[PDB]
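**Student:** File input_34.pdb follows (PDB, C-alpha atoms):
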MODEL        1
ATOM      1  CA  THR A 870     -32.786   4.986  -8.165
ATOM      2  CA  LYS A 871     -32.620   2.397  -5.384
ATOM      3  CA  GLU A 872     -31.581  -0.276  -7.887
ATOM      4  CA  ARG A 873     -28.910   1.796  -9.634
ATOM      5  CA  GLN A 874     -27.366   3.236  -6.486
ATOM      6  CA  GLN A 875     -27.537  -0.141  -4.729
ATOM      7  CA  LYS A 876     -25.445  -1.510  -7.579
ATOM      8  CA  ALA A 877     -23.186   1.515  -7.090
ATOM      9  CA  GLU A 878     -23.083   0.801  -3.341
ATOM     10  CA  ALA A 879     -22.023  -2.797  -3.952
ATOM     11  CA  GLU A 880     -19.343  -1.616  -6.384
ATOM     12  CA  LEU A 881     -17.999   0.955  -3.916
ATOM     13  CA  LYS A 882     -17.951  -1.646  -1.135
ATOM     14  CA  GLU A 883     -16.002  -4.022  -3.380
ATOM     15  CA  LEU A 884     -13.583  -1.167  -4.062
ATOM     16  CA  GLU A 885     -13.347  -0.692  -0.288
ATOM     17  CA  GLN A 886     -12.383  -4.337   0.187
ATOM     18  CA  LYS A 887      -9.866  -3.930  -2.644
ATOM     19  CA  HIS A 888      -8.411  -0.963  -0.751
ATOM     20  CA  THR A 889      -8.175  -3.130   2.369
ATOM     21  CA  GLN A 890      -6.371  -5.868   0.425
ATOM     22  CA  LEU A 891      -3.962  -3.300  -1.006
ATOM     23  CA  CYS A 892      -3.478  -2.046   2.558
ATOM     24  CA  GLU A 893      -2.517  -5.587   3.569
ATOM     25  CA  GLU A 894      -0.050  -5.629   0.673
ATOM     26  CA  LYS A 895       1.212  -2.262   1.947
ATOM     27  CA  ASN A 896       1.715  -3.813   5.387
ATOM     28  CA  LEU A 897       3.773  -6.510   3.678
ATOM     29  CA  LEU A 898       5.650  -3.662   1.980
ATOM     30  CA  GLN A 899       6.432  -2.165   5.395
ATOM     31  CA  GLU A 900       7.589  -5.592   6.564
ATOM     32  CA  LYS A 901       9.967  -5.404   3.604
ATOM     33  CA  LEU A 902      10.937  -1.917   4.821
ATOM     34  CA  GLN A 903      11.943  -3.203   8.249
ATOM     35  CA  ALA A 904      13.710  -6.294   6.896
ATOM     36  CA  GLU A 905      15.673  -4.113   4.474
ATOM     37  CA  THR A 906      16.627  -1.592   7.153
ATOM     38  CA  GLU A 907      17.880  -4.402   9.407
ATOM     39  CA  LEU A 908      19.868  -5.799   6.483
ATOM     40  CA  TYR A 909      21.136  -2.259   5.845
ATOM     41  CA  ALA A 910      22.349  -1.957   9.434
ATOM     42  CA  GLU A 911      24.110  -5.309   9.040
ATOM     43  CA  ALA A 912      25.572  -4.210   5.698
ATOM     44  CA  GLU A 913      26.937  -0.949   7.101
ATOM     45  CA  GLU A 914      28.363  -2.886  10.054
ATOM     46  CA  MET A 915      30.164  -5.363   7.797
ATOM     47  CA  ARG A 916      31.373  -2.494   5.607
ATOM     48  CA  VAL A 917      32.877  -0.521   8.490
ATOM     49  CA  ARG A 918      34.408  -3.740   9.833
TER
ATOM     50  CA  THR B 870     -32.282   6.809  -0.969
ATOM     51  CA  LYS B 871     -30.522   9.582   0.955
ATOM     52  CA  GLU B 872     -29.039   7.334   3.645
ATOM     53  CA  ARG B 873     -27.866   4.972   0.909
ATOM     54  CA  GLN B 874     -26.257   7.917  -0.893
ATOM     55  CA  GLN B 875     -24.443   8.790   2.327
ATOM     56  CA  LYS B 876     -23.738   5.062   2.493
ATOM     57  CA  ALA B 877     -22.154   5.504  -0.968
ATOM     58  CA  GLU B 878     -20.975   9.122  -1.260
ATOM     59  CA  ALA B 879     -19.293   8.969   2.143
ATOM     60  CA  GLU B 880     -18.063   5.575   0.941
ATOM     61  CA  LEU B 881     -16.745   7.150  -2.271
ATOM     62  CA  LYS B 882     -14.640   9.616  -0.282
ATOM     63  CA  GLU B 883     -13.390   6.611   1.690
ATOM     64  CA  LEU B 884     -12.376   5.016  -1.609
ATOM     65  CA  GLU B 885     -10.607   8.223  -2.646
ATOM     66  CA  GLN B 886      -8.653   8.599   0.594
ATOM     67  CA  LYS B 887      -7.779   4.903   0.889
ATOM     68  CA  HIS B 888      -6.610   4.987  -2.727
ATOM     69  CA  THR B 889      -4.424   8.064  -2.261
ATOM     70  CA  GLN B 890      -2.857   6.704   0.955
ATOM     71  CA  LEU B 891      -3.294   2.946   0.382
ATOM     72  CA  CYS B 892      -2.961   2.470  -3.404
ATOM     73  CA  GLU B 893      -1.119   5.562  -4.658
ATOM     74  CA  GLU B 894       1.028   5.978  -1.557
ATOM     75  CA  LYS B 895       1.297   2.197  -1.840
ATOM     76  CA  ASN B 896       2.945   2.658  -5.242
ATOM     77  CA  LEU B 897       5.224   5.419  -3.942
ATOM     78  CA  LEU B 898       6.322   3.178  -1.077
ATOM     79  CA  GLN B 899       6.742   0.354  -3.602
ATOM     80  CA  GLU B 900       9.177   2.485  -5.598
ATOM     81  CA  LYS B 901      11.001   3.340  -2.369
ATOM     82  CA  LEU B 902      11.167  -0.351  -1.421
ATOM     83  CA  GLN B 903      12.536  -1.314  -4.835
ATOM     84  CA  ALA B 904      15.208   1.380  -4.547
ATOM     85  CA  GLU B 905      16.093   0.126  -1.061
ATOM     86  CA  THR B 906      16.278  -3.488  -2.253
ATOM     87  CA  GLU B 907      18.569  -2.616  -5.158
ATOM     88  CA  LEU B 908      20.821  -0.446  -2.993
ATOM     89  CA  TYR B 909      21.033  -3.177  -0.344
ATOM     90  CA  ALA B 910      21.867  -5.743  -3.025
ATOM     91  CA  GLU B 911      24.696  -3.453  -4.126
ATOM     92  CA  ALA B 912      25.703  -3.078  -0.470
ATOM     93  CA  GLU B 913      25.845  -6.855   0.034
ATOM     94  CA  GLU B 914      27.803  -7.285  -3.198
ATOM     95  CA  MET B 915      30.299  -4.707  -1.942
ATOM     96  CA  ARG B 916      30.302  -6.580   1.379
ATOM     97  CA  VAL B 917      31.345  -9.899  -0.144
ATOM     98  CA  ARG B 918      33.776  -8.169  -2.520
TER
ENDMDL
END
Please re-express this file's structure in structure tokens.

**Tutor:**
Amino acid sequence: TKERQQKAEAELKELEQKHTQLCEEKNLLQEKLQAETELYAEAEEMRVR
Amino acid sequence: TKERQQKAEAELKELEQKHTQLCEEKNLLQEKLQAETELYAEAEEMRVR
């Protein structure tokens, strides 16, 4: 049981680090959010001009 | 064995939550970001036009 669930523990920890890497990619996605909303403000400004 | 289960079962719930708000919500935000990018590209095209 120790062997099998230690393998399972290692697998779940690797999945945890994968979740952290996808969270970093999500932070990059929010950086895209803010860049796009700034560009949207600029776009609306140019459009009303 | 028990503390390693709690090291894994309480890690498995961590995987579940970080996947539903860091990998699934990541995909939802990715769809939102793609929509925003396409709409801003259309906005900039209208700007130059």

**Student:** For the file shown, report as a PyMOL selection string the outcome of the ChimeraX specification (/A :<6) & /B at residue level.

**Tutor:** chain B and resi 877+884+891+895+916

**Student:** Please write out chain B, superposed on chain A by least squares over all C-alpha atoms matched in order, as a short mmCIF file (atom, residue, chain, number, x, y, z; two decimals) with C-alpha atoms, in the frame of the given file.

**Tutor:**
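And here's selection_29.cif as it stands now:
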data_model
loop_
_atom_site.label_atom_id
_atom_site.label_comp_id
_atom_site.auth_asym_id
_atom_site.auth_seq_id
_atom_site.Cartn_x
_atom_site.Cartn_y
_atom_site.Cartn_z
CA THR B 870 -32.07 4.04 -6.41
CA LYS B 871 -31.08 0.54 -7.51
CA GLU B 872 -28.42 1.63 -10.00
CA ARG B 873 -27.02 3.98 -7.35
CA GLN B 874 -26.93 1.08 -4.89
CA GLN B 875 -24.97 -0.93 -7.44
CA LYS B 876 -22.97 2.27 -7.87
CA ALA B 877 -22.33 2.02 -4.10
CA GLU B 878 -22.59 -1.65 -3.11
CA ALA B 879 -20.35 -2.70 -5.99
CA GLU B 880 -18.25 0.29 -4.93
CA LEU B 881 -18.20 -0.98 -1.34
CA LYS B 882 -16.77 -4.32 -2.45
CA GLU B 883 -14.19 -2.31 -4.40
CA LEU B 884 -13.32 -0.52 -1.16
CA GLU B 885 -13.03 -3.86 0.64
CA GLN B 886 -10.76 -5.45 -1.96
CA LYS B 887 -8.60 -2.36 -2.46
CA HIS B 888 -8.24 -2.11 1.32
CA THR B 889 -7.24 -5.75 1.76
CA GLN B 890 -4.71 -5.61 -1.12
CA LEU B 891 -3.89 -1.87 -1.11
CA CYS B 892 -4.13 -0.81 2.56
CA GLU B 893 -3.78 -4.02 4.58
CA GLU B 894 -1.37 -5.69 2.16
CA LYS B 895 0.16 -2.21 2.06
CA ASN B 896 0.86 -2.51 5.79
CA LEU B 897 2.22 -6.05 5.41
CA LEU B 898 4.56 -4.87 2.66
CA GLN B 899 5.47 -1.90 4.87
CA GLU B 900 6.57 -4.27 7.63
CA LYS B 901 8.54 -6.27 5.06
CA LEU B 902 10.18 -3.08 3.76
CA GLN B 903 11.13 -1.96 7.27
CA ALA B 904 12.68 -5.37 7.95
CA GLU B 905 14.59 -5.16 4.67
CA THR B 906 15.82 -1.63 5.44
CA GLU B 907 17.06 -2.62 8.89
CA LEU B 908 18.76 -5.76 7.61
CA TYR B 909 20.42 -3.81 4.79
CA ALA B 910 21.59 -1.17 7.28
CA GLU B 911 23.16 -3.99 9.29
CA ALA B 912 24.64 -5.36 6.06
CA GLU B 913 26.20 -2.00 5.17
CA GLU B 914 27.54 -1.60 8.71
CA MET B 915 29.15 -5.03 8.41
CA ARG B 916 30.44 -3.93 4.99
CA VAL B 917 32.29 -0.89 6.33
CA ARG B 918 33.45 -2.82 9.41
#

**Student:** Let me know the centre plus edge lengths, in Å and rounded to one decimal, of a box with edges along x, y and z that contains all listed atoms of stretch 895-908 of chain B and is padded by 8 Å on every side, as AutoDock Vina command-line options.

**Tutor:**
--center_x 11.1 --center_y 1.0 --center_z -3.3 --size_x 35.5 --size_y 24.9 --size_z 20.5
